[PDB]
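Heads up, the thing below is written out as structure tokens.
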Amino acid sequence: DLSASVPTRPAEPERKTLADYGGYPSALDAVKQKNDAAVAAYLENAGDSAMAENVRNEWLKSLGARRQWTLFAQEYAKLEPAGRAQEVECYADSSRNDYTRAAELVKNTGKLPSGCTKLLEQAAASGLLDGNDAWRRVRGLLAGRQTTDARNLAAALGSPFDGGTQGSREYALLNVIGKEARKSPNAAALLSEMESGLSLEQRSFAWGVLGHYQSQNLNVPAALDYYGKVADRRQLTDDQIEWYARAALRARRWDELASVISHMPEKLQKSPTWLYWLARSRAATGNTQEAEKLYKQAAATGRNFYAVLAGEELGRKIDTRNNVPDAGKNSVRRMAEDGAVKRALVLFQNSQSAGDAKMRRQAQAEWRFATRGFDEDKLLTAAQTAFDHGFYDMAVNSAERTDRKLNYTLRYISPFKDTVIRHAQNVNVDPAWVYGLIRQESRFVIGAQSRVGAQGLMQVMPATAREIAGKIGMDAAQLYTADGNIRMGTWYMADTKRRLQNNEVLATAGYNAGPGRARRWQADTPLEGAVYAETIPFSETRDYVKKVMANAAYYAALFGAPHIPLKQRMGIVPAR
């Protein structure tokens, strides 16, 4: 059974929730303007809400930057630990001279928030950083055009860019590793010329930069040539080493792929991607028992693309039967009486009645806050509460967070079938694929709005909507209605597929990145579908294709069509 236990946190009247939200944007503005009196006034009588936690976190980032440490400590003491932002934790630890977090943070080679960047610089100046990892971060920052942060870290390590020692040599290597320099036709030749005066670590990193650029440009032979010159693979950034594995994968070099994976950080080796591809490599080289153990580990990672593919290699098909009962209706009712859940529902319902998209986003924040500590039984109860109230994205949000107790009807909701199925049939596209795309694009939020203006259930861009509308006799503003949005998106899936050799993997990539890019990523030989997907150069599109296709496999199982293994759905991507 599922437990009927629900939280009973103090509830506030709807009027109080709305009054606090009325002041929420101004409180965030008061943080930006450094009006500490106004922020304190907003928080003084605030409920224990995501609104208060969000304002407090943003305030603490500003107080740390301004070194107002007495006010910082007072307010940090009011945050729950699970609610403290990463940069706030870094400022707090720095204020106590506690550099425990540095050992892990320094392994990041990209931009970090200011508080965490400064924590690492302080640890460096006190000799509290692993030197190998610290210089790897300097190099990573140089390659990512974060020159100021790289310069400040090298200075804190005692070897500044103008000191004639290690720092100055690392900085000079920009003639090879710079953003534009790495693209030069002469980059590899220039690195080969200066190599003799570079350390083992500098040489390994620099060939990783050149190999990474070629691999992401899908020049696989050149990528493997350059990456083959990396003598110490642990010097590579995470992105560099993954792009080495991707090149070996695309070339079907199973031995080299297995070797590269073995040099990755443990966190990367244990990802679904590299558990699955290492298993495929062991299978390809005749190591059946090693492959099976790795497939089992990949399948244990849950409801994702590679876990499903791994299960299929083990003879396991997707099974969408729930392994738990429905939540009891009294528990679903009483869950809505919990003060934090109620606050989220108040903001959600008022966002609908008042047409306030910003309020809806804060309602999502209240939901995540309210459900943050929940066990699996409470998550599944809350998922049904959210679904009943029409808060569809939060129903998925809670249901997908479980590990052992699985409710697939709440993980893979299918509202709007009286519209989606018909539109999909009308252009002859698989409705399970359409649902999988909607789930990834919008999580079923009808008025979803991306940072770049993608709109609606299917996240069509306005420029694309105008093109579509001109082809199929619609008005561009129908993008902003649910039925017109589904019509536009399903038609665009079918048109993009038609333009990409009628291939569904290409079509999924082309929907997100444009058909010109999907076609650029093809090879001159056919590619296994999962190999095309994993070697997509754009990180957002790469993740997108795998999630859409995994989603589609789950929907197909719930919809009862004849079974299509995910490996078959991925199929073979044609040669250009």
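Chain labels follow the order of the structure tokens: the first chain is A, the next B, and so on; residue numbering restarts at 1 in every chain, and ligands are counted from 1 in their shown order.
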Item to check | Neighbour list for segment 385-402 of chain A as a ChimeraX atom specification, cut-off 10 Å, only C-alpha atoms, skip fewer than 2 positions in-chain | outcome: /A:302-303,327,329,331-336,341,344-345,348-349,360,363-365,367-368,371-372,374-383,404-415,439,442-446
Next on the checklist: According to DSSP computed on the backbone, where in segment 100-231 of chain A is there alpha helix (DSSP H)? Give the residues as JSON, numbers by chain.
Outcome noted: {"A": [102, 103, 104, 105, 114, 115, 116, 117, 118, 119, 120, 121, 122, 123, 124, 125, 131, 132, 133, 134, 135, 136, 137, 138, 139, 140, 141, 142, 143, 147, 148, 149, 150, 151, 152, 153, 154, 155, 156, 166, 167, 168, 169, 170, 171, 172, 174, 175, 176, 177, 187, 188, 189, 190, 191, 192, 193, 194, 200, 201, 202, 203, 204, 205, 206, 207, 208, 209, 210, 211, 212, 213, 214, 215, 216, 220, 221, 222, 223, 224, 225, 226, 227]}
Checklist entry - With only C-alpha atoms as the basis for distance, which of A:17, A:351, A:440, A:273 is at the shortest distance from residue 531 of chain A? => result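 Of the candidates, the smallest distance to residue 531 of chain A is held by A:273.
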Next on the checklist: Show me, as an MDAnalysis selection string, the residues that have an atom within 6 Å of segment 475-491 of chain A when counting only C-alpha atoms, minus same-chain residues fewer than 6 positions from it.
Outcome noted: chainID A and resid 423:424 458 465:466 469
Output for the residues just chosen: C-alpha atoms as an mmCIF file, in the first residue's frame:
data_model
loop_
_atom_site.group_PDB
_atom_site.id
_atom_site.type_symbol
_atom_site.label_atom_id
_atom_site.label_comp_id
_atom_site.auth_asym_id
_atom_site.auth_seq_id
_atom_site.Cartn_x
_atom_site.Cartn_y
_atom_site.Cartn_z
ATOM 1 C CA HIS A 423 -3.600 16.471 -35.142
ATOM 2 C CA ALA A 424 -0.891 13.773 -35.131
ATOM 3 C CA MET A 458 5.110 22.283 -28.425
ATOM 4 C CA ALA A 465 5.250 29.839 -36.438
ATOM 5 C CA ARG A 466 5.089 32.683 -38.982
ATOM 6 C CA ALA A 469 1.228 29.844 -40.768
#
Checklist entry - Hey, what does DSSP flag as strand (DSSP E or B) within segment 327-528 of chain A? Can you give it to me as a ChimeraX atom specification? => result /A:449,455,460,527-528
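Counting only C-alpha atoms and comparing A:282, A:269, A:237, A:52, the residue that lies closest to residue 254 of chain A is A:282.
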Item to check | Residue contacts of segment 430-435 of chain A (6 Å, only C-alpha atoms) excluding same-chain residues fewer than 6 positions away, as a ChimeraX atom specification | outcome: /A:421,424,552,555-556
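Residues in contact with segment 175-177 of chain A at 8 Å, where only C-alpha atoms are counted and same-chain residues fewer than 3 positions away are skipped, are listed as residues 142, 143, 172, 181, 182, 187, 188, 190, 191, 206, 209 and 210 of chain A.
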Could you write out that same residue set with N, CA, C and O atoms as an mmCIF file, in the first residue's frame?
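Written output follows (out-v1.cif):
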data_model
loop_
_atom_site.group_PDB
_atom_site.id
_atom_site.type_symbol
_atom_site.label_atom_id
_atom_site.label_comp_id
_atom_site.auth_asym_id
_atom_site.auth_seq_id
_atom_site.Cartn_x
_atom_site.Cartn_y
_atom_site.Cartn_z
ATOM 1 N N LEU A 142 40.808 29.434 -19.099
ATOM 2 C CA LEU A 142 41.396 30.044 -20.292
ATOM 3 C C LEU A 142 40.704 29.556 -21.562
ATOM 4 O O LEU A 142 40.369 30.358 -22.442
ATOM 5 N N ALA A 143 40.460 28.247 -21.665
ATOM 6 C CA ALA A 143 39.819 27.704 -22.864
ATOM 7 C C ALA A 143 38.356 28.131 -22.980
ATOM 8 O O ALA A 143 37.818 28.201 -24.091
ATOM 9 N N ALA A 172 50.377 32.033 -22.126
ATOM 10 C CA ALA A 172 50.914 32.088 -23.483
ATOM 11 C C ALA A 172 50.299 31.015 -24.369
ATOM 12 O O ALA A 172 50.142 31.224 -25.578
ATOM 13 N N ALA A 181 41.748 30.585 -31.798
ATOM 14 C CA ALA A 181 43.028 29.988 -32.167
ATOM 15 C C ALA A 181 42.907 28.486 -32.390
ATOM 16 O O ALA A 181 43.573 27.928 -33.271
ATOM 17 N N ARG A 182 42.056 27.813 -31.612
ATOM 18 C CA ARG A 182 41.920 26.364 -31.726
ATOM 19 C C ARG A 182 41.307 25.940 -33.051
ATOM 20 O O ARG A 182 41.446 24.772 -33.434
ATOM 21 N N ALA A 187 46.669 25.251 -36.044
ATOM 22 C CA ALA A 187 46.723 25.085 -34.593
ATOM 23 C C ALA A 187 47.524 23.847 -34.203
ATOM 24 O O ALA A 187 48.393 23.909 -33.325
ATOM 25 N N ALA A 188 47.234 22.707 -34.838
ATOM 26 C CA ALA A 188 47.944 21.477 -34.508
ATOM 27 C C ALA A 188 49.413 21.581 -34.869
ATOM 28 O O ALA A 188 50.277 21.067 -34.149
ATOM 29 N N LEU A 190 51.143 24.388 -34.914
ATOM 30 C CA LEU A 190 51.754 25.290 -33.938
ATOM 31 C C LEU A 190 51.972 24.597 -32.597
ATOM 32 O O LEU A 190 52.987 24.831 -31.928
ATOM 33 N N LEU A 191 51.027 23.753 -32.177
ATOM 34 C CA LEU A 191 51.212 23.021 -30.929
ATOM 35 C C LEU A 191 52.351 22.014 -31.046
ATOM 36 O O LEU A 191 53.122 21.825 -30.097
ATOM 37 N N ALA A 206 46.318 20.772 -24.028
ATOM 38 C CA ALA A 206 46.244 21.484 -25.296
ATOM 39 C C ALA A 206 45.775 20.572 -26.427
ATOM 40 O O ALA A 206 44.944 20.979 -27.246
ATOM 41 N N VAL A 209 42.089 20.251 -26.141
ATOM 42 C CA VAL A 209 41.353 21.379 -26.713
ATOM 43 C C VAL A 209 41.197 21.211 -28.218
ATOM 44 O O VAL A 209 40.105 21.392 -28.769
ATOM 45 N N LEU A 210 42.292 20.881 -28.906
ATOM 46 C CA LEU A 210 42.224 20.704 -30.356
ATOM 47 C C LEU A 210 41.375 19.499 -30.724
ATOM 48 O O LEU A 210 40.564 19.568 -31.657
#
Next on the checklist: Which residues are near residue 43 of chain A? Cut-off 12 Å, only C-alpha atoms, ignore same chain within fewer than 3 positions. Put them as an MDAnalysis selection string.
Outcome noted: chainID A and resid 20:21 23:24 26:28 30:31 36:40 46:57 59 75 78:79
Item to check | Separation of atom CA of residue 358 of chain A from atom CA of residue 448 of chain A in Å | outcome: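 Spanning atom CA of residue 448 of chain A to atom CA of residue 358 of chain A is a straight-line distance of 10.9 Å.
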Next on the checklist: What's around segment 108-113 of chain A at 12 Å? Count only C-alpha atoms, leave out sequence neighbours fewer than 5 positions away in its own chain, and write the answer as JSON, numbers by chain.
Outcome noted: {"A": [61, 62, 64, 65, 85, 86, 87, 88, 89, 90, 91, 101, 102, 103, 118, 119, 120, 121, 133, 134, 135, 136, 137, 138, 139, 140, 141, 142, 143, 144, 145, 146, 147, 148, 149, 150, 153, 205, 235, 236, 237, 238, 239, 240, 265]}
Checklist entry - Of the residues A:502, A:541, A:350, A:455, which is the one nearest to residue 514 of chain A, using only C-alpha atoms? => result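 Checking each candidate against residue 514 of chain A, we get A:541 as the closest.
Coordinates place atom CA of residue 22 of chain A at a distance of 25.0 Å from atom CA of residue 71 of chain A.
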Next on the checklist: Using only C-alpha atoms for the distances, tell me which of A:359, A:194, A:247, A:507 is nearest to residue 216 of chain A.
Outcome noted: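 Under the stated criterion, the closest residue is A:247.
Between residue 499 of chain A and the residues A:15, A:361, A:267, A:519, the shortest atom-to-atom distance, using only C-alpha atoms, involves A:519.
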Checklist outcome for this item: Counting only C-alpha atoms, closest pick from A:122, A:284, A:82, A:529 relative to residue 95 of chain A is A:122
Checklist entry - What does the distance from atom CA of residue 417 of chain A to atom CA of residue 497 of chain A come to in Å, to one decimal? => result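 That distance, rounded to one decimal, is 22.3 Å.
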